[PDB]
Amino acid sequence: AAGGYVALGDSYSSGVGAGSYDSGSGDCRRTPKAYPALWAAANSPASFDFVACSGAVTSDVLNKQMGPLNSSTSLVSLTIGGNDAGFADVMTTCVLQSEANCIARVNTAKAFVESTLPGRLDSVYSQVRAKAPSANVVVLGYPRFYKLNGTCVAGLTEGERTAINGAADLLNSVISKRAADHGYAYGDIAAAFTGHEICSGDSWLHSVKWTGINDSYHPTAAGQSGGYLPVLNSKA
């Protein structure tokens, strides 16, 4: 692959949930099992800079991750926006509080996604293009977290799962539209993960964690290699 590959983003790109984190990345938790590393190993780009970081928000991408982008960059991947909208806080609320509290918190997040996130995404997307004029940029969306089925243990109430899935749909809608607006490819992770959500019976996502590292709602190693990687392969 001609040109450098720069992998930007949050925990869904660093690989939280896939295991084997490189200690040198600290709390960013990047791993060779994450789709950017899998893609780079198979495609041999001129250079590979993996700067995604667990917990990253749009301002972090602008402040800490733009350095490797340059005129020789030919491919850029990115997952970002979920944390700006506070989805980790939303999930904590939905797990530890009542269904009513969950809905209210989800609705506050959805309002932010519609009114505030677009502007932040435009800012990140425009700066990426400014620093890497020639790169093909692939913005990957997020998966839906749940399969709505007959009473699922620990999987939350149906009403909460519905609300959370609805929030993912709205987030992915905003991202897909912003990506198209900038001529960027949109990676449909929700489509790729259909039939592999929590409660699906063949999940590629971690359920809520009560012990260990918190990789709740994140892709497993199978989700990274079977879901994210093929999506990037299709758009790179």
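Residue numbers run from 1 along the displayed sequence.
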Tell me which stretch has the larger mean Cα B-factor in this entry, 205-213 or 175-183. 205-213
7-15 versus 215-223 - greater average Cα B-factor per the deposited record: 215-223
Among 121, 137, 152, 132, where is the Cα temperature factor highest, going by the PDB entry? 152
Taking the values straight from the PDB record, which of 59, 44, 54, 31 has the highest C-alpha temperature factor? 44
Residue 74 by Cα B-factor - lowest, middle or highest third of the modelled chain: middle
Residue 189 - which third its CA temperature factor falls in, relative to the rest of the chain: lowest
Temperature factor at the Cα of residue 164, chain-ranked in thirds, falls in the middle
Among the chain's modelled residues, which third holds the C-alpha B-factor of residue 142? lowest
Is residue 26 in the lowest, middle or highest third of its chain when residues are ranked by C-alpha B-factor? lowest
